[PDB]
Amino acid sequence: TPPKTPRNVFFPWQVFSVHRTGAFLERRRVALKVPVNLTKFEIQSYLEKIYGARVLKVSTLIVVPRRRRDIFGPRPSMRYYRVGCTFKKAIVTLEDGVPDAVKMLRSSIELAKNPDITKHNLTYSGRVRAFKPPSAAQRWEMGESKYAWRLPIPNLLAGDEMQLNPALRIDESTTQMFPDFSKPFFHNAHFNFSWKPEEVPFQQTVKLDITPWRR
Amino acid sequence: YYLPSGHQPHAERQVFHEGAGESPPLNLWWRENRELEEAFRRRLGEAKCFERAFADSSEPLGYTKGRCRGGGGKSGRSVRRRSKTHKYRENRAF
Amino acid sequence: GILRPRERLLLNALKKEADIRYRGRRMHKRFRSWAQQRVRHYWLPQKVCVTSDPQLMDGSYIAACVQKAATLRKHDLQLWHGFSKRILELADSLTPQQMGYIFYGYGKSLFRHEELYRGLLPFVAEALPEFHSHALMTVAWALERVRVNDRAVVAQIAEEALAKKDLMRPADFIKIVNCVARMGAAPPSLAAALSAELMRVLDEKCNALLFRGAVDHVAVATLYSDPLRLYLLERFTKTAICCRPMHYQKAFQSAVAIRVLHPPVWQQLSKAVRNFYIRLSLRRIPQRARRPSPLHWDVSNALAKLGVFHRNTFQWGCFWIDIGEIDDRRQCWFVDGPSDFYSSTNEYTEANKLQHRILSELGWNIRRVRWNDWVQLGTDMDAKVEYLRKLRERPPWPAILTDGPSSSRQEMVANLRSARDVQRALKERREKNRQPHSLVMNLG
Amino acid sequence: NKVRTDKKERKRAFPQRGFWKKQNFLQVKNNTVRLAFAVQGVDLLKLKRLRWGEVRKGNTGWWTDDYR
Amino acid sequence: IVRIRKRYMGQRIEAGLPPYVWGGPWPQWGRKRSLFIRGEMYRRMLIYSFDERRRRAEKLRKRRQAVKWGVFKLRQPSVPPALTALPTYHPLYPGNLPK
Amino acid sequence: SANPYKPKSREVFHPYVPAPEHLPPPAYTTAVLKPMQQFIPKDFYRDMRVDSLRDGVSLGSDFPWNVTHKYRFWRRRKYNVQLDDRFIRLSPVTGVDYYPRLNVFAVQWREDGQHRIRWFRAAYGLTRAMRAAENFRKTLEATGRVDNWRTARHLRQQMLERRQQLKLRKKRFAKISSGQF
Amino acid sequence: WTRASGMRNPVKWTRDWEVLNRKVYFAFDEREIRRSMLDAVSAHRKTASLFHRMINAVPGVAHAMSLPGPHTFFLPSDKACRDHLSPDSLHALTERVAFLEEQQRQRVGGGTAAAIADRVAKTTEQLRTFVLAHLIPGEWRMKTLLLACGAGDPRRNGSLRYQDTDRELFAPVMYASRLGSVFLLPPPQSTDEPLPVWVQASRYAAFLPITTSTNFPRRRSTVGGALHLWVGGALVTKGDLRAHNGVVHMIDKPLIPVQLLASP
Amino acid sequence: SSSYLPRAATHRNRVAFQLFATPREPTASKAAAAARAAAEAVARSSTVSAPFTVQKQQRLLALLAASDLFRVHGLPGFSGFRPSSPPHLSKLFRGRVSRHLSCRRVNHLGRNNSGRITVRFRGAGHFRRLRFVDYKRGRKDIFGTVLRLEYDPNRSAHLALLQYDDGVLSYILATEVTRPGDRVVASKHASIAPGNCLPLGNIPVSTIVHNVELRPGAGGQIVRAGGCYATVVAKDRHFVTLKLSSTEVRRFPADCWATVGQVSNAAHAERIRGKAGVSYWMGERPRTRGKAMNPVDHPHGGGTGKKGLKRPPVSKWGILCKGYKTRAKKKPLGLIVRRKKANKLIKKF
Amino acid sequence: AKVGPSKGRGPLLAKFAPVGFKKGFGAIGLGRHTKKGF
RNA sequence: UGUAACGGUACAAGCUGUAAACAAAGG
RNA sequence: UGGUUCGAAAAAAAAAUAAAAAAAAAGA
RNA sequence: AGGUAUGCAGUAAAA
RNA sequence: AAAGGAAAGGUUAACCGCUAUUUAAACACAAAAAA
RNA sequence: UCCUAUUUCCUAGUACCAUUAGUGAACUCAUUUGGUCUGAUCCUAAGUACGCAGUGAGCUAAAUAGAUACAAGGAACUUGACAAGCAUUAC
RNA sequence: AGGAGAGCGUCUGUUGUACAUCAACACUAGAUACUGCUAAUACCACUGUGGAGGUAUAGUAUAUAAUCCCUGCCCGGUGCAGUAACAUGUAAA
């Protein structure tokens with residue numbers, strides 16, 4: 001529908017507006033209403049050339065307002081209509097932060113609608129269980145080695161500003177006391193990795209007896 | 001006709017019946033030159049399993065076929081002949 | 001249709017195994033992008049045949065042919081030596097664009113023909129006022145890649161870039177500064193001028209993708225001024241998300257070099273930036289496979305015969321150690337080949353000197369082996385063992401790595417040929433020693 | 001549905017004695033919201049329970065009135 | 001009884017007592033060796049991933065080794081193929097035999 | 001059903017998985033593991049610990065935990081516990097089975113060629129029903145009402161009524177064996 | 001209608017683990033292969049050039065190896081032949097294979113001529129004996145051979161199941177506290193001596209505990225894997241090259257018969 | 001069907017050649033000399049010239065009849081299922097048909113281009129492949145070796161994989177006495193042995209033949225089914241008379257080629273299915289009787305309770321189907337000497 | 001009707017269609033599909 | 001020609017085309 | 001992670017869609 | 001037993 | 001036994017096709033014509 | 001100078017479109033609580049180291065649908081053992 | 001839904017969704033008839049398609065059906081075959 005972008009513009013007509021989201025957005029992210037036909041490259045070049053913004057990433061969604069039926073008022077016409085317009089919601093991740101009071105909505109009338117406060121601890125849809133892919137530090141490549149805190153260079157860089165020992169970050173109100181390794185205990189309490197420490201004694205491997213009648 | 005590769009011409013075989021004379025070693029004359037190999041392969045590809053006969057008015061003794069000798073029809077069925085308002089465009093325009 | 005029950009079961013099992021094979025196959029493809037970019041705005045619109053007779057070629061034709069061959073990986077020795085002969089014949093009649101494309105082809109293909117660069121550089125210097133950003137960048141880039149060092153001409157190229165700052169492309173300027181730093185061609189005044197210009201270029205003209213190319217530890221250690229260092233280290237924290245393992249590795253090396261050699265600058269950084277780099281030190285930065293060279297293996301063999309436990313080609317911190325002894329971990333060795341120096345000279349590279357100084361100041365006792373001296377030993381093992389023993393019996397090398405004696409291209413070529421012959425002989429008499437040759441057949 | 005195109009109104013033409021309240025699920029959701037607010041120092045339940053024009057700072061109430 | 005046991009174990013979790021369990025005889029409530037069958041499946045998947053990585057490494061290394069100085073060459077057949085092509089009168093030449 | 005198309009063996013199979021036939025030796029084989037002269041390439045352990053599972057025999061002393069990386073199962077792993085080996089609804093007595101839809105323990109046997117089954121409702125108690133089924137099966141075996149478990153005494157005793165029935169049949173068809181009719 | 005595929009496959013596979021185990025059996029042990037043993041040998045001709053040439057140049061050998069009877073062929077490599085055969089033996093083998101190929105090519109195209117027939121007969125018999133010394137009755141797959149040699153038997157697999165190393169010497173940064181049975185296979189078709197087979201632990205087995213979870217109780221070849229299978233003094237380098245009528249196992253030494261070997 | 005090669009490739013009334021030549025020599029003259037040499041060599045090798053009769057076939061069959069390690073070790077197969085015989089002992093190959101000599105069969109399921117059912121009582125059956133069998137035996141004067149015998153799901157006889165002396169593979173119809181290792185050839189100089197293909201004019205009287213060409217070079221069309229065969233009765237210069245399996249005596253041009261022997265798998269007729277399921281697998285559908293339907297559906301239908309046909313038997317389409325001849329009266333007999341009569345008359349006279 | 005543009009549904013979109021339906025919104029082209037899904 | 005989809009306009013059975021209700025005063 | 005795209009294989013066309021706008025002098 | 005990461009043509013073989 | 005996949009792509013081979021072709025990205029490195 | 005070669009090779013920021021990643025027929029249909037219960041499978045489970053779900057109030061009449069327990073008789077019922085009954089009961 | 005028996009269909013199957021789950025239909029097999037290949041038969045644009053890329057141990061049509069013993073007499077009638085037309089043949093026509 002919108003006119004296709006020419007190779008040379010000289011007079012852009014596209015309107016980039018700030019969109020106030022009812023969901024949560026990170027520190028360096030901002031949501032914009034944009035024409036549907038623009039690409040991520042077009043959006044990034046537009047922002048870097050007209051505003052000088054230092055854009056790192058652009059993510060895009062297409063938003064189509066839902067169908068609505070006029071059913072309520074006196075003498076209602078039961079006709080279908082849409083509120084607003086179809087548009088591209090562009091979430092731009094920049095080098096610098098954007099104020100929460102700008103990017104997100106607030107309310108003292110409906111106290112539950114404070115995404116800047118609730119953050120990602122809530123899903124702002126019908127989604128019940130939040131799905132999050134593993135973090136960059138949790139990945140292997142470019143991830144955080146779980147024994148690097150014992151190496152010389154990290155300790156040389158830490159100085160007195162940081163303490164790298166993970167034992168210092170244990171939450172007292174969540175962890176349990178250490179058990180005796182020679183007695184029945186759970187693996188999930190204090191190990192937090194997918195292998196068996198050698199300090200745990202030899203374990204019995206039990207194979208099911210599927211045909212007892214034969215013996 | 002299928003010609004296997006020149007590096008593995010020996011196809012799987014059953015045990016030869018007792019008393020059968022030994023087969024001579026294969027003569028791979030078509031491996032001297034790649035051009036000869038390609039020409040031989042194309043020639044082999046030109047072969048056909050059989051050739052079929054068909055009605056052709058250009059042949060003196062050609063003929064076509066009508067309907068069955070008895071002259072009856074499917075029981076209880078009054079077949080409607082094709083027209084311009086019935087089965088008009090089935091499988092081809094005209 | 002239907003299948004016989006055995007056939008049903010076998011084909012169903014095959015389908016299940018194919019599905020599981022696909023799932024297992026796609027497991028490690030985290031960094032596989034279906035959308036991919038290809039650069040093609042440097043390709044010329046004219047057509048050329050690369051095998052055409054050189055005597056019919058002019059500058060415009062030969063430059064395009066060289067660049068096309070480099071792009072197509074048509075690395076034929078006869079073709080490229082014909083290119084060299086014709087280009088040297090046509091040296092008088094090349095524009096800066098043609099010379100830039102020629103240098104691009106040579107550097108990209110890593111065709112280490114020193115004579116062509118030596119013969120083309122004077123015309124580059126003479127024609128510098130007419131050069132443009134791409135040509136300057138390409139000349140510096142090719143020289144750095146092939147290790148052809150001409151400090152005067154590199155400094156002149158940098159000065160020309162400074163004079164044309166308003167016309168230079170930001171990426172070209174960044175690459176020129178990096179090449180100047182790696183070749184060690186900028187005295188303090190030129191270094192200050194380049195740092196001053198690069199500061200503004202990065203602050204005003206470069207987004208994250210362009211800026212990340214400025215993060216080079218050699219330049220940070222030897223060229224950049226203190227404000228530029230602070231700005232670069234602060235900006236990397238903001239631009240990390242768009243970086244790759246090479247950028248992360250160079251940022252980490254820059255941070256370590258600043259910490260070890262410029263504690264004042266390290267302290268002038270802020271706590272948040274220092275925290276960023278401390279946390280970076282904890283990450284698994286993907287390296288790439290490294291293996292001992294033939295010379296490295298020969299040195300390891302001689303050392304083992306001498307009787308010193310050691311390990312080879314391992315990573316400590318943000319450095320790769322050639323040889324690290326086991327009994328006394330602080331003792332380490334470095335085997336220095338032809339590419340560790342500048343062509344036709346025994347002068348060490350800036351990266352090598354920086355690594356030597358940083359490791360020495362962090363505590364390593366470094367000893368070094370020079371191929372120019374090793375090659376004179378031949379295939380003898382007693383001589384090599386005595387050489388290594390005598391080196392061991394002497395103190396480690398200073399924190400500042402000094403250059404070796406003078407040499408020439410003639411001697412470099414002679415030594416390269418001798419090394420080729422020695423490699424051949426050693427491989428032959430290794431595999432022959434391995435072969436038993438004990439089964440004798442009474443077939444005759 | 002919201003556009004009222006389904007036939008879900010057909011059952012609502014007949015009486016039913018009652019309806020499930022899903023209180024377990026709804027209370028889990030409500031407590032999740034409450035925890036999200038409380039980790040930042042907000043007493044959403046107290047705010048919801050406050051009378052019109054009533055001001056209570058901290059975790060205070062009628063018991064605070066009694067003992068103060 | 002399940003509710004009572006769960007209450008007690010959760011109470012110990014909340015208190016932060018050591019993660020101990022009843023050690024006695026746990027009855028077997030299932031028939032299938034799901035643990036080991038799934039482990040075998042995971043083994044196969046890991047082998048397949050390793051095989052893909054090997055294939056990729058070999059592909060790239062083969063290309064790069066093919067393109068090397070002193071190895072790569074531009075060559076053409078020693079004898080011109082015009083001399084070794086089939087003469088037009090050859091019986092096997094196209095069109096020279098009945099089809 | 002005991003099909004003729006199920007596999008013979010009921011074990012867990014770990015087939016030998018060969019690599020594509022033209023791949024060269026993997027990277028970790030270039031490692032030098034002499035204590036005096038060491039070189040450990042990149043991804044040495046990652047590659048080798050997966051290559052070791054190829055043969056299907058050396059699965060690892062901790063199999064399948066050495067290939068199970070998901071924490072969903074490690075979170076459930078227990079230590080120093082004693083586990084049973086038998087599903088609670090399986091009886092060692094031959095011919096005892098469980099029908100879950102009916103909630104019964106069935107005893108199936110063969111007696112005089114006929115295939116017979118009896119039900120034991122489990123609503124009265126799983127253990128009680130299973131033990132009743134086992135006791136019924138053992139009583140049948142002892143009394144000789146299961147063909148394959150019969151003894152010489154049982155065979156001799158049954159032959160008497162077999163003989164009586166056979167004599168009745170002989171009298172039934174007497175007129176044919178004599179040559180009349 | 002849907003175009004979902006790959007990880008979004010719309011096929012409703014079963015999740016029953018027992019059924020999937022049966023599927024594994026059907027997909028690996030009972031898989032059907034179209035190609036033949038000579039097809040596999042030709043596929044690997046570049047690495048087994050000498051044996052490929054012998055198979056294609058010695059009369060009768062191809063017929064013997066193309067027969068339906070399930071067979072196991074132990075294929076040596078050209079590298080194996082070069083390493084283990086003496087230079088004179090290798091030269092003789094190459095010359096005789098070339099001679100047979102040359103006679104075949106002559107067919108395609110006094111006493112001196114008479115001697116050619118005798119030489120051809122002698123060479124054909126010798127090379128046929130050599131090649132058929134590697135052909136074995138029956139289909140012996142790699143896992144079957146390992147289980148016959150005893151690997152996988154808890155009573156016998158000791159010295160192959162709990163290999164360990166001096167860890168601190170190779171992964172020191174993780175060990176600061178330490179920084180302080182012969183099976184017999186039927187004889188080759190051209191001989192009567194049954195073939196011995198055994199197993200050994202590879203040098204890579206000891207390093208498993210360094211990088212894997214273990215449950216232990218209280219020169220060297222570079223071939224991969226944890227277990228090495230040796231056949232008649234020769235190591236299997238690539239096994240389970242399955243075919244329709246047998247299996248090919250790649251080995252690193254030729255199994256020369258005693259008759260063809262030289263006593264002095 | 002016509003779902004394979006197009007009409008332009010399949011249809012040709014008059015074939016202009018009978019020898020599919022594949023010369024090796026550089027020139028036409030040398031090719032002709034080589035062809036003459038090959039013909040002379042075949043003539044020299046040929047020694048048998050007596051007719052091949054039913055009795056000689058029986059003698060050869062009698063002679064052929066008179067004249068634990070081999071398994072997959074450690075492979076426990078299915079619980080109950082097992083092949084009837086191991087691969088090294090089965091009469092047929094037990095393997096798979098060559099992929100390069102076959103293609104997937106297009107199953108029309110008894111429906112024509114109109115989509116209606118024209119051939120009744122047809123079912124899907126088991127998946128099948130069409131294999132390209134050389135009905136022409138175009139290659140002449142080149143010997144081939146029978147490597148194996150194979151099952152064919154579309155054909156009542158067995159196939160044989162022929163490897164020519166130059167390595168060419170093909171499939172031919174197997175004879176009752178064809179065995180692996182047999183040597184076969186197609187030529188006018190060939191000996192009279194089973195499997196050899198000769199012109200009908202070079203085959204002595206009383207010989208038994210199969211795969212007979214109606215037109216020279218067009219591929220055999222007559223006598224193909226398993227166990228079938230035809231007998232050479234009389235010969236003249238231009239025509240040869242054959243008695244066919246239907247008891248029809250017909251003349252054939254002396255230049256039409258044919259193969260000596262009986263078609264393999266003579267025991268096909270002895271097969272017993274035992275259940276409807278075997279025919280279901282084979283591709284059949286139930287046949288509802290005409291008199292079981294309503295009068296609108298068949299002439300024999302109708303009538304309270306069961307009844308007889310109530311008239312001389314007729315088909316669904318009102319044509320007498322017991323004794324009523326259907327061959328076109330005006331269609332000339334041509335080379336047909338005498339056509340068979342009803343089986344009742346044949347067996348009673 | 002229960003399928004199509006009736007009842008305010010309007011023209012079909014990939015959001016409302018099954019996977020496989022191809023319909024954009026008017027963006028310019030910036031490259032080429034490869035033969036292997038890239 | 002006619003009609004429609006989206007978009008703008010009082011979120012529309014009107015008007016209208018990203019210049020989406022208005023240029024009429026230019027070397 | 002899928003669709004798209006090559007194949008199956010399709011004008012067997014999902015109106016307002018595209019690697020899909022007059023199609024190389026493209027000004028490197 | 002669909003297609004996997006410089007990409008268009010193009011022949012053969014095949015767990 | 002009822003007789004069962006081969007189009008495109010990857011692998012290996014062969015190859016006198018071509019920017020309709022791998023960064024003007026980078027790391028590593030005793031390494032290579034003619035004379 | 002005894003590794004089958006001692007062979008440089010990480011991730012080029014990445015077009016357009018889809019996705020609420022969980023319980024649950026979630027489809028056609030409509031007396032549509034989406035979600036519990038009504039069946040196999042999916043975690044070596046003391047029901048999976050406290051999970052998912054739980055709808056106005058009263059009130060001894062009969063009749064009905066069921067559940068349990070029936071003395072002694074035991075098919076005498078009915079067109080017909082239909083429906084029921086047995087297949088639990090010291091341990 | 002046990003023990004001992006009879007009837008009808010051999011059997012496993014199909015079956016009228018929503019009044020018929022049956023003794024009705026099919027069925028393994030024994031017969032008869034047609035059909036020499038551009039076969040007959042079917043579809044009824046007819047130099048076309050299925051049959052069939054099959055070739056009388058094949059294909060199509062109509063009964064009767066799986067296992068054992070049996071299956072009597074009639075060609076006057078009707079149909080069909082046979083011949084120039086007769087004669088004559090054919091009933092598991």
Side-chain angles (χ1 to χ4, degrees), chain A residues 1 13 83 125 127-129 131, chain B residues 5 53-55 57 64 82, chain C residues 3-4 7 14 18 31-33 35 37 39 42 44-45 72 77-78 81 104 242 244-246 286 288 293-295 297 301 337-339 371 381 416 419 433-434, chain D residues 7-8 10-11 14 17-20, chain E residues 2 6-7 9-10 26 29 35 65 69-70 76, chain F residues 22 119 124, chain G residues 3 7-8 15-16 33 35 43 79 222, chain H residues 1 4 108 112-114 116 118-119 126-127 151 153 156 221 224-227 245-246 248 268-269 273-276 281 286 312-313 315 321-323 326, chain I residues 14 19-20 22-24 27 29-33 35 37:
Chain A
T1 303
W13 52 261
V83 167
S125 53
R127 192 191 298 247
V128 180
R129 160 160 169 207
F131 173 98
Chain B
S5 165
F54 60 105
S57 83
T64 70
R82 86 164 48 265
Chain C
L3 275 174
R4 196 165 75 119
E7 275 59 54
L14 264 169
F31 293 121
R32 175 253 294 136
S33 54
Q37 287 167 14
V39 174
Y42 300 84
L44 304 170
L72 299 185
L77 273 175
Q78 322 313 332
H81 272 82
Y104 168 82
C242 290
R244 300 286 189 182
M246 58 163 137
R288 190 54 240 161
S293 79
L295 183 69
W297 275 127
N301 292 352
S339 208
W371 64 288
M381 248 291 181
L416 275 169
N433 269 24
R434 294 174 197 182
Chain D
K7 281 156 190 103
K8 289 166 71 172
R10 288 200 172 161
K11 183 167 182 172
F14 297 92
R17 193 172 194 271
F19 301 94
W20 303 324
Chain E
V2 165
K6 289 289 267 311
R7 180 181 294 131
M9 295 300 285
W26 304 94
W29 303 101
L35 173 59
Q65 287 292 311
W69 298 104
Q76 281 186 334
Chain F
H22 288 288
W119 292 0
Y124 299 104
Chain G
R3 288 284 288 178
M7 304 288 280
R8 295 183 189 276
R15 269 121 63 72
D16 198 311
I33 310 303
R35 67 170 187 175
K79 173 84 188 133
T222 62
Chain H
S1 64
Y4 312 97
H108 294 281
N112 77 335
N113 59 356
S114 181
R116 304 222 189 160
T118 61
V119 194
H126 194 290
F127 293 110
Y151 178 92
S156 175
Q221 300 177 68
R224 279 193 189 167
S245 326
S246 63
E248 207 217 56
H268 173 48
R273 293 175 173 176
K275 55 200 217 186
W281 312 335
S315 59
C321 49
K322 219 151 274 290
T326 63
Chain I
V19 310
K22 176 180 180 177
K23 179 165 180 187
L30 305 155
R32 168 230 299 174
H33 299 79
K35 209 179 173 145

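Numbered from 1 within each chain, the chains take letters A, B, ... in sequence-line order. Note that these values count all heavy atoms, side chains included, but never hydrogens, waters or copies made by symmetry.
Among the heavy atoms of the strands lying under 4.0 Å from I:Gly20 are primed sugar atoms or P, OP1, OP2 only; no base atom is included. Base engagement by C:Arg4 is indicated by at least one non-hydrogen atom pair under 4.0 Å involving a base atom. Residue contacts for C:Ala35: at a heavy-atom cut-off of 4.0 Å it reaches a base atom on one of the strands shown. Across all strands, G:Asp16 comes closer than 4.0 Å only to sugar-phosphate atoms, never to a base (heavy-atom distances). Contact annotation for A:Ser125: base contact, defined as any heavy-atom pair under 4.0 Å involving a base atom. Within 4.0 Å (heavy atoms only), H:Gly226 reaches at least one base atom of the nucleic acid. At a threshold of 4.0 angstrom between heavy atoms, the contacts of A:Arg127 include nucleobase atoms, whether or not backbone atoms are also involved. Residue H:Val119 is classed as a base contact, given a heavy-atom separation below 4.0 Å to a base. Within the nucleic acid shown, H:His268 comes within 4.0 Å of at least one base atom, counting heavy atoms only. Across all strands shown, H:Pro313 has heavy atoms under 4.0 Å from sugar-phosphate atoms exclusively, and none from any base. Residue contacts for G:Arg3: at a heavy-atom cut-off of 4.0 Å it reaches a base atom on one of the strands shown.
Stacking holds between K:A8 and K:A9 under the rule that six-membered ring centres lie under 5.5 Å apart and planes differ by under 30°. Consecutive residues J:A5 and J:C6 form a stacked step, taking six-membered ring centres below 5.5 angstrom and planes below 30 degrees as the test.
Distance from the side chain of D:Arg10 is smallest for N:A30 among the nucleotides N:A30, O:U38, N:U7. Taking every side-chain heavy atom of I:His33 into account, K:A19 is the closest of K:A19, N:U33, O:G51. When distances run from any side-chain atom of C:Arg244 to the nucleotides N:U41, N:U32, N:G13, the shortest one goes to N:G13. Considering only the side chain of C:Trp297, N:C3 comes nearest among N:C3, O:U62, M:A1. Ranking M:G4, N:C2, N:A15 by closeness to the I:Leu30 side chain, first place goes to N:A15. Among the nucleotides M:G4, J:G17, N:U4, the one closest to the side chain of H:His126 is M:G4. Side-chain atoms of H:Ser1 lie closest to O:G51 of the nucleotides O:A58, O:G51, L:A9.
Taking atom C1' in both K:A24 and N:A12, one finds a spacing of 27 Å when rounded to whole Å. Separation of the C1' atoms belonging to O:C68 and O:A40 is 39 Å when rounded to the nearest angstrom.
Look at C:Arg288 and you'll find a side-chain N or O under 4.0 angstrom from OP1 or OP2 of N:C10. When the side-chain nitrogen and oxygen atoms of E:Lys6 are compared with OP1 and OP2 of N:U48, one or more of them lie within a distance under 4.0 Å. Regarding contacts with the backbone of N:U32, every side-chain N or O of D:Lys8 stays at 4.0 angstrom or more from both OP1 and OP2. Distances shorter than 4.0 Å separate none of the side-chain N or O atoms of C:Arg32 from OP1 or OP2 on N:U14. Side-chain nitrogen and oxygen atoms of E:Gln65 include none within less than 4.0 Å of the OP1 or OP2 phosphate oxygen of N:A5. Dashed line: the shortest gap from a side-chain N or O of I:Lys35 to OP1 or OP2 of M:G9 is under 4.0 Å. A close approach under 4.0 Å does occur between a side-chain nitrogen or oxygen of G:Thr222 and OP1 or OP2 of N:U4. Phosphate proximity of L:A14 to F:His22: absent, as no side-chain N or O sits under 4.0 Å from OP1 or OP2. Regarding contacts with the backbone of M:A30, a side-chain N or O of C:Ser293 is found under 4.0 angstrom from either OP1 or OP2.
A Watson-Crick or G-U wobble pair joins N:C17 and K:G2, with the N1-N3 or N1-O2 distance and the second distance both under 3.5 Å. The bases M:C18 and L:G7 are paired, Watson-Crick or G-U wobble, with both atom distances under 3.5 Å. For the criterion of Watson-Crick or G-U wobble pairing, both bonds shorter than 3.5 Å, the nucleotides O:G16 and K:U1 do not count as partners. Nucleotide O:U49 is annotated as paired to O:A42 [Watson-Crick or G-U wobble, both distances under 3.5 Å].
Lacking a ring centre under 5.5 Å from that of the base six-membered ring together with a plane angle below 30°, D:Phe19 does not count as stacked on N:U33. Centre separation under 5.5 Å together with a plane angle under 30° holds for the ring of A:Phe131 and the six-membered base ring of N:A21, marking them as stacked. Judged by centroid separation below 5.5 Å and plane tilt below 30°, C:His81 stacks onto the base of M:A33. A stacked arrangement is not assigned to E:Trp26 and the six-membered base ring of N:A45, the conditions of a centre distance below 5.5 Å and an interplanar angle below 30° not being jointly met.
In this structure, C:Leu44 and C:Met246 both approach RNA chain M, and ranking their closest nucleotides by distance from the 5' end singles out C:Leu44. Mapping I:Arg32 and C:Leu3 onto RNA chain M by nearest heavy atom places C:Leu3 at the nucleotide closer to the 5' end.
Consecutive Watson-Crick or G-U pairs involving RNA chain J, each under 3.5 Å on both distances, never reach a stem of three or more pairs.
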